[PDB]
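This report concerns only the one structure given below.
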Amino acid sequence: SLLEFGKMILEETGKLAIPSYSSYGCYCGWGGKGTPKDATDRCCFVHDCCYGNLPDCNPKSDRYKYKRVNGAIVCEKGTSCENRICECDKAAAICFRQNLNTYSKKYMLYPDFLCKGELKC
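Going left to right, the sequence shown walks through residues 1 to 14, 16 to 56, 59, 61, 67 to 86, 88 to 122, 124 to 131, 133 as the entry's author numbering numbers them.
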(Lines of atoms letter the chains of each structure in order from A and count residues from 1; the text may use other names and numbers.)
(Lines give C-alpha, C1' and ligand atoms only; values in the text may rest on other atoms or scores of the structure.)
Protein backbone atom coordinates (compact mmCIF):
# COMPACT_ATOMS: atom_id res chain seq x y z
CA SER A 1 0.00 0.00 0.00
CA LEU A 2 0.83 3.72 -0.25
CA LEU A 3 1.52 3.63 3.53
CA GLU A 4 4.36 1.11 3.10
CA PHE A 5 5.59 2.70 -0.11
CA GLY A 6 5.71 6.23 1.38
CA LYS A 7 7.61 5.00 4.39
CA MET A 8 10.16 3.09 2.25
CA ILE A 9 10.86 6.22 0.20
CA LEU A 10 11.42 8.39 3.28
CA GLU A 11 13.71 5.80 4.92
CA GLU A 12 15.60 5.39 1.67
CA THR A 13 15.93 8.98 0.51
CA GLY A 14 15.13 11.21 3.44
CA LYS A 15 12.44 12.83 1.28
CA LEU A 16 8.71 12.79 1.92
CA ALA A 17 6.88 10.92 -0.87
CA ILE A 18 4.26 13.69 -0.88
CA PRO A 19 5.28 16.21 -2.35
CA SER A 20 8.80 15.30 -3.56
CA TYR A 21 7.62 12.32 -5.56
CA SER A 22 3.88 12.71 -5.99
CA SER A 23 3.95 15.23 -8.85
CA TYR A 24 7.49 14.96 -10.23
CA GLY A 25 7.87 14.84 -14.03
CA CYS A 26 5.66 12.82 -16.31
CA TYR A 27 5.29 9.63 -14.22
CA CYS A 28 5.65 10.21 -10.47
CA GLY A 29 2.14 10.25 -8.97
CA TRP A 30 -1.09 10.65 -10.96
CA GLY A 31 -1.09 8.88 -14.35
CA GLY A 32 1.61 8.73 -16.93
CA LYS A 33 2.06 9.87 -20.46
CA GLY A 34 5.01 10.84 -22.59
CA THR A 35 8.73 10.34 -22.21
CA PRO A 36 10.20 10.35 -18.62
CA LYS A 37 12.16 13.55 -17.96
CA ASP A 38 15.10 12.16 -16.03
CA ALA A 39 16.44 9.20 -14.06
CA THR A 40 13.97 9.74 -11.13
CA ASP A 41 11.07 9.96 -13.57
CA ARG A 42 12.30 6.73 -15.20
CA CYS A 43 12.13 5.10 -11.79
CA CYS A 44 8.42 6.14 -11.60
CA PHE A 45 7.82 4.93 -15.13
CA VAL A 46 9.36 1.46 -14.33
CA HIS A 47 7.32 1.43 -11.08
CA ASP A 48 4.07 2.11 -13.04
CA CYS A 49 5.12 -0.72 -15.44
CA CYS A 50 5.76 -3.02 -12.48
CA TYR A 51 2.25 -2.44 -11.10
CA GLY A 52 0.94 -2.90 -14.67
CA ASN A 53 2.21 -6.48 -14.49
CA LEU A 54 -0.28 -7.17 -11.59
CA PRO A 55 -3.72 -6.44 -13.13
CA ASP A 56 -5.59 -8.22 -10.46
CA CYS A 57 -3.64 -6.75 -7.35
CA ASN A 58 -4.59 -3.52 -5.59
CA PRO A 59 -1.13 -1.91 -4.96
CA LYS A 60 -2.49 1.36 -3.47
CA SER A 61 -4.56 -0.37 -0.80
CA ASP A 62 -3.14 -3.82 -0.19
CA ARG A 63 -0.69 -3.74 2.73
CA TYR A 64 2.44 -5.87 2.90
CA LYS A 65 5.16 -6.24 5.52
CA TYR A 66 8.87 -5.69 5.10
CA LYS A 67 11.94 -5.43 7.30
CA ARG A 68 15.50 -4.19 7.02
CA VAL A 69 18.23 -6.87 7.23
CA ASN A 70 21.14 -4.61 7.98
CA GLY A 71 20.50 -1.92 5.40
CA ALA A 72 18.53 -4.04 3.01
CA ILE A 73 14.76 -4.03 2.41
CA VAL A 74 13.43 -7.57 2.67
CA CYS A 75 9.77 -8.23 1.66
CA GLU A 76 8.04 -10.59 4.17
CA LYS A 77 5.96 -13.56 3.07
CA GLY A 78 2.08 -12.48 2.49
CA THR A 79 -0.17 -13.26 -0.40
CA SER A 80 1.18 -13.50 -3.84
CA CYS A 81 -0.05 -9.94 -4.64
CA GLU A 82 1.51 -8.48 -1.51
CA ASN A 83 4.89 -10.06 -2.38
CA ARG A 84 4.93 -8.72 -5.90
CA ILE A 85 3.70 -5.26 -4.85
CA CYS A 86 6.44 -5.13 -2.28
CA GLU A 87 9.13 -6.10 -4.86
CA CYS A 88 7.84 -3.29 -7.18
CA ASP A 89 7.98 -0.70 -4.39
CA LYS A 90 11.36 -1.86 -3.09
CA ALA A 91 12.85 -1.47 -6.56
CA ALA A 92 11.43 2.07 -6.91
CA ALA A 93 12.86 3.14 -3.46
CA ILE A 94 16.32 1.93 -4.42
CA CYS A 95 16.06 3.50 -7.86
CA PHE A 96 15.20 6.82 -6.09
CA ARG A 97 18.15 6.43 -3.74
CA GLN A 98 20.42 5.70 -6.66
CA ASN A 99 19.40 8.88 -8.54
CA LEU A 100 19.09 11.40 -5.67
CA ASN A 101 22.10 13.24 -7.15
CA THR A 102 20.21 14.23 -10.30
CA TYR A 103 16.89 14.91 -8.56
CA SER A 104 15.68 18.33 -9.88
CA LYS A 105 13.13 20.74 -8.23
CA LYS A 106 12.54 22.01 -11.80
CA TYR A 107 10.47 18.84 -12.27
CA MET A 108 8.23 19.21 -9.21
CA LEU A 109 4.62 20.04 -10.30
CA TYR A 110 5.57 19.49 -13.92
CA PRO A 111 2.79 20.57 -16.34
CA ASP A 112 0.94 17.79 -18.11
CA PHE A 113 1.12 19.30 -22.03
CA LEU A 114 4.97 18.96 -21.75
CA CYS A 115 4.61 15.16 -21.32
CA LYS A 116 5.01 14.20 -24.99
CA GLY A 117 6.12 10.96 -26.66
CA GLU A 118 5.35 7.25 -26.65
CA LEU A 119 7.03 4.90 -24.17
CA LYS A 120 5.95 1.27 -23.93
CA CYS A 121 6.62 -0.94 -20.66
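Backbone N, C-alpha and C fix where the C-beta goes; we use that ideal spot for every residue, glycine too.
- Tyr75 carries a strand assignment under DSSP once its states are collapsed to helix, strand and coil.
- Here the region 30-46 lies against the region 105-116, with 3 or more beta-carbon pairs under 8 Å apart.
- For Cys84, the enclosing beta strand (DSSP E) has its first and last residue at 81-84.
- Bounds of the alpha helix (DSSP H) holding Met8 are 2-13.
- The beta carbon of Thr112 sits closer than 8 Å to the beta carbons of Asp39, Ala40, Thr41 from its chain, once the five residues preceding and following it are set aside; these are given in chain order.
- Across the set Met118, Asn54, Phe124, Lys74, the C-alpha of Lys74 shows the shortest separation from the C-alpha of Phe5.
- Here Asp71 has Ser1, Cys91, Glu92, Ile95 as same chain residues with Cβ atoms under 7 Å from its own Cβ, once five neighbours each way along the sequence are excluded.
- Around the beta carbon of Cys133, fewer than 16 other beta carbons sit within 10 angstroms, so the residue counts as exposed.
- A straight line joining the alpha-carbon of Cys29 with that of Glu85 spans about 26 Å.
- For the set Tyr52, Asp99, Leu17, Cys27, the Cα lying nearest the Cα of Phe124 is the one of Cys27.
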